[PDB]
Amino acid sequence: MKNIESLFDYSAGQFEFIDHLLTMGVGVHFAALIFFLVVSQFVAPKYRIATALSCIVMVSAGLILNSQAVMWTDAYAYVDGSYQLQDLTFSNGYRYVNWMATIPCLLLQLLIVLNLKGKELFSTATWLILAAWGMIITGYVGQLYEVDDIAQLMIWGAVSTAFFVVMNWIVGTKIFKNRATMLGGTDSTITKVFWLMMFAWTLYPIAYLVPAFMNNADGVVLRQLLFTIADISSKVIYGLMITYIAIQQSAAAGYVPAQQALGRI
Ligand SMILES: *C/C=C(C)/C=C/C=C(C)/C=C/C1=C(C)CCCC1(C)C
Ligand SMILES: CCCCCCCCCC
Ligand SMILES: CCCCCCCCCC
Ligand SMILES: CCCCCCCCCC
Ligand SMILES: CCCCCC
Ligand SMILES: CCCCCC
Ligand SMILES: CCCCCC
Ligand SMILES: CCCCCC
Ligand SMILES: [Br-]
Ligand SMILES: [Br-]
Ligand SMILES: [Br-]
């Protein structure tokens with residue numbers, strides 16, 4: 001049960017573009033990691049964990065993107081005018097394993113800026129993480145068959161989509177029922193984060209389906225391109241909005257370092 005990446009030889013332009021996409025993603029996440037670390041001091045204690053979760057996400061994704069880059073250059077060699085598969089192996093499956101950690105972190109930092117606490121926070125986080133883990137795990141099993149069994153990729157993806165929809169319903173319901181509690185005008189900002197999340201996370205099932213409608217070397221490139229757009233949107237851009245909401249609410253709650261931080265800009 002191979003992946004479609006192992007099926008093709010690659011032109012130098014295709015190979016280097018994919019490598020440059022992954023290495024670019026590493027640099028963006030580690031550059032954002034520094035930003036999230038420095039602005040941590042400008043967030044009130046109640047919200048500071050949300051910015052720390054951005055730091056964990058940046059290193060988690062950055063390590064897996066660097067991992068994918070070197071595996072790409074390990075597994076292929078330029079022979080007779082094209083990059084051909086060598087002794088080693090490349091696989092998008094390590095992305096799925098990493099999602100088991102990064103997705104709960106992304107969801108947790110949203111619940112924190114929604115001002116959920118105590119029993120409701122733990123309760124809502126447990127249902128969301130369980131739904132997300134069911135989405136990822138059924139998706140992982142599905143892509144094992146992206147070459148061998150296209151019908152199984154479809155059926156496991158339908159199961160995965162059911163968890164995805166239920167997960168989004170919980171997220172959206174909590175957002176619209178707790179919007180009134182949010183400070184500094186961030187009741188307007190949080191609805192924008194929900195829509196950004198809808199857009200960015202939907203890119204992943206689209207990349208999952210690439211083997212069904214573009215099973216060639218250019219579809220390998222398009223999938224990595226979609227992953228890159230989705231990774232930056234769902235982690236970096238999303239994290240900046242979460243951090244903005246965290247600081248804005250900190251300032252409205254009387255945190256002086258937050259108020260000063262916004263004043264200078
Ligand atoms: C930073 C990485 C993120 C936010 C990854 C998100 C992943 C998903 C939303 C996964 C979606 C899937 C389905 C809805 C159906 C097909 C299989 C998956 C696992 C790709
Ligand atoms: C600003 C510190 C970010 C530097 C990123 C390092 C890129 C490593 C590419 C292998
Ligand atoms: C207030 C407790 C949060 C529960 C929201 C809905 C959970 C989904 C059960 C599937
Ligand atoms: C289709 C997944 C979208 C779920 C959003 C529902 C939010 C409305 C709650 C009032
Ligand atoms: C060996 C492929 C990577 C999957 C990790 C469980
Ligand atoms: C997998 C089909 C679910 C769609 C529900 C809106
Ligand atoms: C035009 C690109 C918008 C980026 C905002 C973060
Ligand atoms: C310096 C706080 C602003 C964060 C959002 C870009
Ligand atoms: Br506080
Ligand atoms: Br990730
Ligand atoms: Br409602």
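FYI, the numbering just counts along the sequence from 1.
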In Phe90, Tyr78, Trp72, the residue satisfying ring-ring contact (aromatic ring centres under 6.0 Å, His included) with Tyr10 is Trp72

Would you say the side-chain atoms of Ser234 and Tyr204 include a donor-acceptor pair closer than 3.5 Å?
yes

Parallel, tilted or perpendicular: which describes the rings of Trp99 and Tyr96, with under 30° parallel and over 60° perpendicular?
tilted

Could you tell me whether the side chain of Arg48 and the main chain of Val43 form a donor-acceptor pair under 3.5 Å?
yes

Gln14 side chain to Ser11 main-chain N or O, any donor-acceptor pair under 3.5 Å?
yes

Would you sort out whether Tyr47 and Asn115 count as a side-chain hydrogen bond (donor to acceptor under 3.5 Å, both in side chains), showing the intermediate values?
CA-CA 9 Å; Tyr47 299 119; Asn115 303 309; 2.4 Å; yes

Given 3.5 Å as the limit, does a donor-acceptor pair link the side chain of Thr73 with the main chain of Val70, or not?
yes

Please check this pair: side chain of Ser160 against backbone of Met135, looking for a donor-acceptor N/O pair closer than 3.5 Å.
yes

Salt bridge flag under 4.0 Å for residues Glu146 and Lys2:
no

One pair to check against side-chain hydrogen bond (donor to acceptor under 3.5 Å, both in side chains): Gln248 and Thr189. What are the steps and the verdict?
CA-CA 10 Å; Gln248 190 69 45; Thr189 314; over 6 Å; no

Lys192 and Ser188: side-chain donor and acceptor closer than 3.5 Å?
yes

Should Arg95 and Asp231 count as an ion pair when the cut-off is N to O under 4.0 Å?
yes

Could you tell me if the side chain of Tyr238 sits less than 4.5 Å from the side chain of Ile232, heavy atoms only?
no

Among residues two or more places apart or on two chains, list those pairs meeting ring pair (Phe, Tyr, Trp, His ring centres under 6.0 Å) that have a residue in residues 127-173.
none

If only atom types and distance count, is the side chain of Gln249 paired as donor or acceptor with the main-chain N or O of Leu183 below 3.5 Å?
yes

Please check if any side-chain donor atom of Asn98 sits under 3.5 Å from a side-chain acceptor atom of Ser60, or the reverse.
yes

Residue pairs involving residues 236-250 (criterion salt bridge (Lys or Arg N to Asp or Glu O under 4.0 Å); sequence neighbours excluded)
none

Inter-residue atom distance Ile103.CD1 - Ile129.CD1, 0.5 Å rounding:
10.5 Å

Tell me if a side-chain donor or acceptor on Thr186 pairs with a main-chain N or O of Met182 at a distance below 3.5 Å.
no

Would a distance-only check, ignoring hydrogens and angles, find a side-chain to backbone donor-acceptor pair under 3.5 Å from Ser250 to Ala44?
yes

Could you check whether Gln143 and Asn3, counting side-chain N and O atoms only, form a donor-acceptor pair closer than 3.5 Å?
no

Tell me whether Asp87 at atom CG has more than 12 heavy atoms from other residues, nucleotides or ligands lying less than 6.0 Å away.
no

Spacing of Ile242 atom CD1 and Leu196 atom CG [to the nearest 0.5 Å]
9.0 Å

Above 12 or not: heavy atoms from other molecules or residues under 6.0 Å from OH of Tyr244?
no

Could you check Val220, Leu85, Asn215 and say which one makes a side chain to side chain contact (heavy atoms under 4.5 Å, CB included) with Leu7?
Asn215

Main-chain N/O of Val79 paired to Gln84 side chain as donor or acceptor, under 3.5 Å
yes

Is it true that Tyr83 and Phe15 have ring centroids separated by less than 6.0 Å?
yes

